[PDB]
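The block underneath contains the structure these notes are about, expressed in structure tokens.
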Amino acid sequence: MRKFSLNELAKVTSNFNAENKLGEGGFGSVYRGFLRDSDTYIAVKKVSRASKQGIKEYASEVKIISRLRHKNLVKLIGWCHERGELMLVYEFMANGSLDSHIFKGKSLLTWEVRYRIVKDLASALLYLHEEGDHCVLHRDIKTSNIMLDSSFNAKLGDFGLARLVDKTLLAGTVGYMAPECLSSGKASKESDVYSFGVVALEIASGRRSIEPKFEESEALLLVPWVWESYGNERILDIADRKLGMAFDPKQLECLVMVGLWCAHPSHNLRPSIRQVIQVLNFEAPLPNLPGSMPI
Ligand SMILES: CCS(=O)(=O)Nc1ccc2c(c1)/C(=C(/Nc1ccc(CN3CCCCC3)cc1)c1ccccc1)C(=O)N2
Ligand SMILES: [Mg+2]
């Protein structure tokens, strides 16, 4: 990666023209930038200085992402810290973020691609939690933070809330936050695994955690409805309607039970991400879950 000047970033984004906006990132808008000399595109995130948290999330992102290299993690390809303006530069990924496919119908993700994506995300988390000089707690795992390459391989990004292990402000995304986050404030590997659980269930079901859009059910949230479905031996009902019957039932069961295990209300009953990967690959047994979600 390298240092970009404000002027060159202005030039390649056409002064951050609205027609070049790709979407909203976690702490700024992202713009498509065109490199004339390479005939290639990049993605430029322009940081929002509208709270003080903008500069904190930029600083966290640079610090953390600089320490990470993995096939299932987004790579930083440059930065800019010049006058007041803070910016971050990444590869342009034409398939965009996972949420656009699974919730917004940009494409129909096949069962085989979805199961692969969950394994990709699990690999990323294993690397974060266990493979570095320091454990990295991500703190904002969700499908809008998962990028897709041309082959639909998944890369986890957004390190603006991420922290190295050896007091943080309570922060995160409502619908992905473990209950102990709100009661105690404490982030852990187990709180990251909770968010992974929620994501796994979103991917299986094509339903957003906070807005599942049930027509025949009164549940307002995804996880309780999945848990109730599992306890009534209705795992098949969980699967994204759009898939019809084109999915593997054994893998669906596995995905759902792993998701609930990860999303256990009690942090001490959640698996390690390494145990999750073993179960997803049928190298270790399915978890023993109660049929009712614990209160
Ligand atoms: C870690 C998540 S983040 O905070 O956003 N970080 C991030 C980091 C690197 C990135 C992107 C995002 C990104 C996006 N691409 C992108 C976006 C949209 C589209 C879709 N067309 C359709 C035509 C009109 C413009 C948008 C294509 C690529 C994108 C931007 C915002 C929201 C989501 C994706 C990309 O190519 N490289
Ligand atoms: Mg975030």
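Numbers here are sequence positions counted from 1. Both backbone and side-chain heavy atoms feed into the values below; hydrogens, waters and symmetry mates do not. One-based numbering, in listed order, for ligands and for the atoms of each.
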Inset, instruction - Find all atoms of ligand 1 within a distance of less than 4.0 Å from any non-hydrogen atom belonging to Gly26, and give their numbers and elements. - result: 4 (O)
Inset, instruction - Would you check if the side chain of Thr40 reaches a backbone N or O of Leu35 as a donor-acceptor pair within less than 3.5 Å? - result: no
Inset, instruction - Please say whether more than 12 non-hydrogen atoms of neighbouring residues, nucleotides or ligands are located less than 6.0 Å from CG in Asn232. - result: yes
Legend entry - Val30 and ligand 1 - part of the residue with a heavy-atom distance under 4.0 Å: side chain
Inset, instruction - Provide the number and element of each atom of ligand 1 under 4.0 Å from a heavy atom of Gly23. - result: 31 (C)
Inset, instruction - To the nearest 10 degrees, calculate the angle at the Mg ion (ligand 2) involving OD2 of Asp158 and OD2 of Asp140. - result: 100°
Inset, instruction - Kindly work out whether a path of hydrophobic side-chain contacts (I/L/V/M/F/W/Y, heavy atoms less than 4.5 Å apart) joins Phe16 to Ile77. - result: yes
Inset, instruction - Provide the number and element of each atom of ligand 1 under 4.0 Å from a heavy atom of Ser144. - result: 2 (C)
Legend entry - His101 side chain vs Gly96 backbone, donor-acceptor pair below 3.5 Å: no
Inset, instruction - Would you mind listing which atoms of ligand 1 come within a distance below 4.0 Å of any non-hydrogen atom of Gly96? - result: 16 (C), 28 (C)
Legend entry - Cation-pi check, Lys45 onto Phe27 ring (under 6.0 Å, within 45° of axis): yes
Legend entry - Flag if over 12 foreign heavy atoms under 6.0 Å of CG, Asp133: no
Legend entry - Numbered atoms and elements of ligand 1 in range of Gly25, under 4.0 angstrom, heavy atoms: 4 (O), 5 (O)
Inset, instruction - Using non-hydrogen atoms of the residue, decide whether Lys45 is closer than 4.0 angstrom to ligand 1. - result: yes
Inset, instruction - Using a cut-off of strictly less than 2.8 Å, determine whether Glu57 has an N/O/S atom near the Mg ion (ligand 2). - result: no
Inset, instruction - Flag this pair as yes if the NZ/CZ of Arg32 is under 6.0 angstrom from the six-membered ring centre of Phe34 and inside a 45 degree cone about the axis; otherwise no. - result: no
Legend entry - Geometric cation-pi criterion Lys250 and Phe282, 6.0 Å radius, 45° cone: yes
Inset, instruction - Could you see which bit of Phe92 sits under 4.0 Å from ligand 1, with heavy atoms only: side chain, backbone, both or neither? - result: both
Legend entry - Contact summary for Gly197 and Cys262, nearest pair of heavy atoms: CA-CB, 3.4 Å
Inset, instruction - Give the numbers and elements of all ligand 1 atoms closer than 4.0 Å to a heavy atom of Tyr90. - result: 8 (C), 9 (C)
Legend entry - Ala94: numbered ligand 1 atoms lying under 4.0 Å from its heavy atoms: 27 (C)
Inset, instruction - Go through ligand 1 atom by atom and flag the ones less than 4.0 Å from a non-hydrogen atom of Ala43. - result: 10 (C), 35 (C), 36 (O), 37 (N)
Inset, instruction - Give a yes/no verdict on whether any heavy atom in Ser100 is under 4.0 Å from an atom of ligand 1. - result: no
Legend entry - Proximity winner for atom 28 (C) of ligand 1, if only heavy atoms of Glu61, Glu24, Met93 are counted: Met93
Legend entry - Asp158 touching ligand 1 at heavy-atom level, < 4.0 angstrom: yes
Legend entry - Electrostatic pair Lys3-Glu82, nearest N-O below 4.0 angstrom: no
Legend entry - ligand 1 to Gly157 polar contact by distance, N or O atoms, under 3.5 Å: no
